[PDB]
Amino acid sequence: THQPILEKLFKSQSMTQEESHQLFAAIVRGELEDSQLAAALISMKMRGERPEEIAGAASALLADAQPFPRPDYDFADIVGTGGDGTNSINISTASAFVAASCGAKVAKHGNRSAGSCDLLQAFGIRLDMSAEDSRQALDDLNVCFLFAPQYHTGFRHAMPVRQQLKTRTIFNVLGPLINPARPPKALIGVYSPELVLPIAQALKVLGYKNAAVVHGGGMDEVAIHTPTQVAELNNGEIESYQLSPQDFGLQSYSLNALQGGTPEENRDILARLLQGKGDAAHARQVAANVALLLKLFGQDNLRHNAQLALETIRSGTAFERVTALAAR
Amino acid sequence: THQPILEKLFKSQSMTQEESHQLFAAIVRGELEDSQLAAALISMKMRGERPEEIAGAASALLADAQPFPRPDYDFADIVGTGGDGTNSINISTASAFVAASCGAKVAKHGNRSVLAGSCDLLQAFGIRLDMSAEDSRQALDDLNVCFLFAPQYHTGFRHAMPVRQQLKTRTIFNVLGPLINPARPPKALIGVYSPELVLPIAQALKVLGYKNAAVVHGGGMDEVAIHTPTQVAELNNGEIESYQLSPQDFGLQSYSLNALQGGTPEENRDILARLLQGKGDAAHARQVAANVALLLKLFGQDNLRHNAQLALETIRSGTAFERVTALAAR
Ligand SMILES: O=P(O)(O)OC[C@H]1O[C@H](OP(=O)(O)OP(=O)(O)O)[C@H](O)[C@@H]1O
Ligand SMILES: O=P(O)(O)OC[C@H]1O[C@H](OP(=O)(O)OP(=O)(O)O)[C@H](O)[C@@H]1O
Ligand SMILES: [Hg+2]
Ligand SMILES: [Hg+2]
Ligand SMILES: [Mn+2]
Ligand SMILES: [Mn+2]
Ligand SMILES: [Mn+2]
Ligand SMILES: [Mn+2]
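Looking at the overall build of chain B
Piece 1. Helices and strands together make up the secondary structure of chain B, namely 16 helices and seven strands.
Piece 2. In terms of overall dimensions, chain B has C-alpha extents of about 60 × 40 × 40 Å along its principal axes.

Structural notes on the packing of aromatic side chains
Between two aromatic rings, the relevant description is the distance of the centres plus the angle of the planes.
Residue and element names in this part refer to chain A.
Piece 1. For the structure shown, the criterion picks out 10 aromatic pairs over all chains.
Piece 2. Seen in terms of ring centroids, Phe155 and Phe171 are 5.5 Å apart; in terms of plane orientation they differ by 90 degrees. Their pairing is edge-to-face. Of this pair, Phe155 sits in the loop between α8 (148–151) and α9 (159–165) while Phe171 sits in helix α10 (residues 170–174), and the two are 16 residues apart along the sequence. Neither residue differs from the other here; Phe155 and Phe171 are each classed as buried.

Examining the coordination of the manganese ion (ligand 5)
Perfect tetrahedral coordination of a metal by four donors corresponds to 109.5 degrees between them, and perfect octahedral coordination by six donors corresponds to 90 or 180 degrees.
Residues and elements named next belong to chain A.
Piece 1. Around the manganese ion (ligand 5), the protein contributes the donor atoms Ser92 (OG) and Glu221 (OE), which lie 2.3 to 2.4 Å from the metal centre.
Piece 2. Taken as a pair, the manganese ion (ligand 5) and the manganese ion (ligand 6) show a spacing of 3.3 Å. The same class applies to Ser92 as to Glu221, namely buried.

Some thoughts on the environment of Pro265 of chain B
Residues and elements named next belong to chain B.
Piece 1. On the secondary structure map, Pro265 appears in helix α13 (residues 265–276).
Piece 2. Considering only alpha carbons, one finds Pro265 and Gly280, 15 residues apart in sequence, at a separation of 16 Å.
Piece 3. In this structure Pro265 touches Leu115 and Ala116, once residues within four positions along its chain are discounted.

Observations regarding the nonpolar core
Where a protein is soluble and globular, its nonpolar side chains tend to be buried together.
Piece 1. Ranked by internal contacts, the top residues of the largest apolar core, which has 101 residues, are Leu23, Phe24 and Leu174 of chain A together with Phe24 and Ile201 of chain B.
Piece 2. Residues within four places of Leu23 of chain A in sequence aside, it is in contact with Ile5, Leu6, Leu9, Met15, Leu32 and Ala40 of chain A.
Piece 3. One finds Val222, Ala283, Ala288 and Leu296 of chain A within the second-largest nonpolar core, a separate group that totals 70 residues.

Considering the site of ligand 1
Residues and elements named next belong to chain A.
Piece 1. Taken together, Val79, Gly80, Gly82, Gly83, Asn90, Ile91, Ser92, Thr93, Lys108, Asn111, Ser113 and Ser116 form the complete shell of residues around ligand 1.
Piece 2. In this structure, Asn90 approaches ligand 1 through a side-chain N or O atom, which is 3.0 Å from an oxygen atom.
Piece 3. One of the backbone nitrogen or oxygen atoms of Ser92 is found 2.7 Å away from an oxygen atom of ligand 1.
Piece 4. The protein chains hide 72% of the 520 Å² of surface that ligand 1 would expose on its own.
Piece 5. Of all the elements in the fold, those that place two or more residues in the shell around ligand 1 are β1 (76–80) and α5 (91–100).
Piece 6. Residue composition of the shell around ligand 1, by class: two nonpolar, nine polar and one charged.

Side note on the UniProt feature "binding site: 5-phospho-alpha-D-ribose 1-diphosphate" (unreviewed entry) in chain B
All names here are of chain B.
Piece 1. The sites that UniProt annotates as "binding site: 5-phospho-alpha-D-ribose 1-diphosphate" (unreviewed entry) are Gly80, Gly83, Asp84, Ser88, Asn90, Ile91, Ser92, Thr93 and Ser118.
Piece 2. Looking at the element boundaries, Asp84 is found in the loop between β1 (76–80) and α5 (91–101).
Piece 3. Excluding its chain neighbours within four sequence positions, the residues that come into contact with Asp84 are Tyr193, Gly220, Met221 and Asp222.
Piece 4. When you line up the elements, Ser92 lands in helix α5.
Piece 5. In this view, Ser92 contacts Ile78, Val79, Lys108 and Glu223; residues no more than four positions away in its chain are not counted.

Thoughts on the UniProt feature "binding site: 5-phospho-alpha-D-ribose 1-diphosphate" (unreviewed entry) in chain A
Residues and elements named next belong to chain A.
Piece 1. As recorded in UniProt, the sites labelled "binding site: 5-phospho-alpha-D-ribose 1-diphosphate" (unreviewed entry) are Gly80, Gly83, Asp84, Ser88, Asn90, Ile91, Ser92, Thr93 and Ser116.
Piece 2. Inspection of the secondary structure puts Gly83 in the loop between β1 and α5.
Piece 3. Given a relative accessible area of 54%, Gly83 falls into the exposed group.
Piece 4. Once residues within four sequence positions are removed from consideration, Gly83 is found in contact with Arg168 and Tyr191.

Digging into the domain arrangement of chain A
Residues and elements named next belong to chain A.
Piece 1. One can read the domain layout of chain A as domain 1 (1–67 + 148–180) and domain 2 (73–147 + 181–327).
Piece 2. Distance from the C-alpha centre of domain 1 to the C-alpha centre of domain 2: 26 Å.
Piece 3. Opposite the 22 residues of domain 1 that make contact, domain 2 presents 31 residues.
Piece 4. Overall, the association of domain 1 and domain 2 removes approximately 2100 Å² of surface from exposure, summing both partners, and the carbon and sulfur fraction of that is 62%.
Piece 5. The largest per-residue losses of area from domain 1 upon contact with domain 2 belong to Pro176, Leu177 and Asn179, which jointly make up 28% of the total buried on that side.
Piece 6. Between the two partners, domain 1 and domain 2, sit zero salt bridges.
Piece 7. Those elements giving two or more residues to the side of domain 1 that touches domain 2 turn out to be α4 (51–64), α8 and α10.
Piece 8. Among the elements that line the side of domain 1 that touches domain 2, the one with the most residues is α4, at six residues.

Focus: the site of ligand 2
Residues and elements named next belong to chain B.
Piece 1. In the region of ligand 2, 14 residues are neighbours, and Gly80, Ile91, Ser92, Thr93 and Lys108 sit closest.
Piece 2. Here an oxygen atom of ligand 2 sits 2.6 Å away from a polar atom, N or O, in the side chain of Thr93.
Piece 3. Within the complex, 78% of the 470 Å² of free accessible area of ligand 2 lies under protein.
Piece 4. When residues of the shell around ligand 2 are traced back to their parent elements, those giving at least two are β1 and α5.
Piece 5. The element best represented in the shell around ligand 2 is α5, accounting for three residues.
Piece 6. The residue inventory of the shell around ligand 2, partitioned by class, reads three nonpolar, nine polar and two charged.

Here is what the cut-offs are and how they apply
Residues numbered from 1 in each chain as written, not as in the entry; some residues may be left out. Chains lettered and ligands numbered in written order. Heavy atoms only, no water. Residues with missing side-chain atoms left out of burial classes, pairs and counts. Helix = DSSP H or I, 4+ residues; strand = E, 2+ residues; numbered from the N terminus. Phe/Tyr/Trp six-rings, centres within 6.5 Å; stacked < 30°, edge-to-face > 60°. Buried < 20%, exposed > 50% of the residue type's maximum accessible area, 1.4 Å probe, protein only. Donors = N, O, S within 2.8 Å, 3.2 Å for Na, K, Ca; no water. Contact = heavy atoms within 4.5 Å. Core = buried A, V, L, I, M, F, W, Y, C linked by side-chain atoms within 4.5 Å. Near = heavy atom within 4 Å. Polar contact = N/O pair within 3.5 Å; in protein donor to acceptor, adjacent residues only side chain to side chain. Areas by Shrake-Rupley, 256 points an atom, 1.4 Å probe, with all protein chains shown as cover. Nonpolar A, V, L, I, M, F, W, Y, C, P; charged D, E, K, R; others polar. UniProt positions renumbered as here; feature names shortened; annotations may be inferred. Domains from an automatic or database assignment. Buried area = accessible area lost by both parts, 1.4 Å probe. Salt bridge = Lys/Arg side-chain N within 4 Å of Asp/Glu carboxyl O.

Set out below in structure tokens:
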């Protein structure tokens, strides 16, 4: 029992990485009451979560998470906090398939909201695949999907309070920092510009090799309808800069061009897209995100990266990868 | 749905008395989930509850309080937030019967918290905690005193006890108890567990429209003390004045906090018996004399030395215990 930590929080005092690790270890184990878990989440919220706190929390959740045979070769994650406000299509999910077809190995983590992960079901992709096969799919197809629920069983002890609270808390940012395959590289999108730098520093503490945290025009990704604020981690060194669609040799578009629809529609969108028959704005936003991710693998010419991602798309070869995966 | 108010709280913004009233008017009817109530309580805790918010919340609780036929003559309450970690004898309860024995009408409101409490004492004396409002009002008319037990008049005060004990930390609820007397008295001697709550609580009382009141804290006790100076905030004719009083201001010897200490409920019951009968410890009598003395100030009696002297003669007289038995006889 950690009463001692809670009073520290109630005094607008931040926890140490270890104190936060304890608190969140007890949380995913259901050791806390609804009221306590809520007081913890709200006290941290009002004060403003610190990088060491976010790292300690994530560090805890991963410890509880189910095992995954982590490979040696380089692979990464392309995931975002979501809830950006601007109803858009599933950029990250599409980018994972295009990236896997553009050289990179992507092990994506994430769970159903409509929304995301639901259209993966629609493509006939068993969300509860075994850690054994996902590792296999990753080696053979350069991509796999790790559904949070089966890896973070304890995450359910926090859902009720989160829902009833209907407000943003540290759990919104801990979603992307807990891939059970512990990837060394990652493209992480955040719903707010103020989150870009904090997360970056969190990933550093978590010891990530190469990573990028993005936000632009309200999107928790790389934007085509406006500049994207970036915080890149490399060699334990962080750099801040901003990118525009012309930096990928792409033409700036409009957010509206990237607007979601419904289960059936969106399935068609991503299908007819990965098949190389979608809109131009859709192909652009994706290639832009894949282009920045490829920079985490050492490919520094964003324009060439974008051109390749775009041709890989138009190739249709990506969709043949949701099918190869849908058979296991 | 009060989601708009909860989102405002999470941004370190204060609610208006109206908003506060709405939010707590929902809390007492068990309409909020444990998570939401706890979030609401912690967010106000961390920021610091304002006078206007304390009033809104109290107004809400009083709205759902069972009725009580409020007399037109002057009467008062004498209660504190408790929880001062002092372990002293029951000052306010004793001061309640002594004040009545010399002419002051006292309709004391008592909260629950545990035996080990003022109501547990009166219960030990044989007093009916579930006496009807009519009977407590009839006792106030003839005996100058009566006890209004919280659980009997504030049925919604319970929908918060589970969360309150789980959180194991102070919240706005610790200070609402003393402000929700169901008879809505025009005068009151309220004690608080910390010096910084004196002014805010007196400011809330004014907002709630109290005529004459005094909020105090003295060397750790939520009562007027004689072992050290007492922090006071007095409301009179619509204005609040701040000052401290000292034992000497009452003409009383200054005894230690330790000499006021109590024990088991049984010790506490007999201690209060001997005291009220005019056979207790000097420390005990003196500490009560000081609280009754300030109380009478709310009744236009401005000389504290005289007030304290009257309280002492009232105590050695033994009538205060007489009124105890009489209250029990009903
Ligand atoms: O609150 P909402 O607006 O519904 O968004 C929240 C979701 O968005 C993110 O998807 P991810 O980062 O995996 O990107 P995707 O859209 O490409 O799946 C995240 O994984 C959530 O599932
Ligand atoms: O149990 P605690 O942690 O101390 O907190 C609650 C206390 O508040 C009440 O005091 P009251 O106003 O009735 O005055 P009295 O106790 O001096 O009679 C009650 O009698 C308890 O003493
Ligand atoms: Hg490529
Ligand atoms: Hg009197
Ligand atoms: Mn995304
Ligand atoms: Mn997104
Ligand atoms: Mn008291
Ligand atoms: Mn007391």
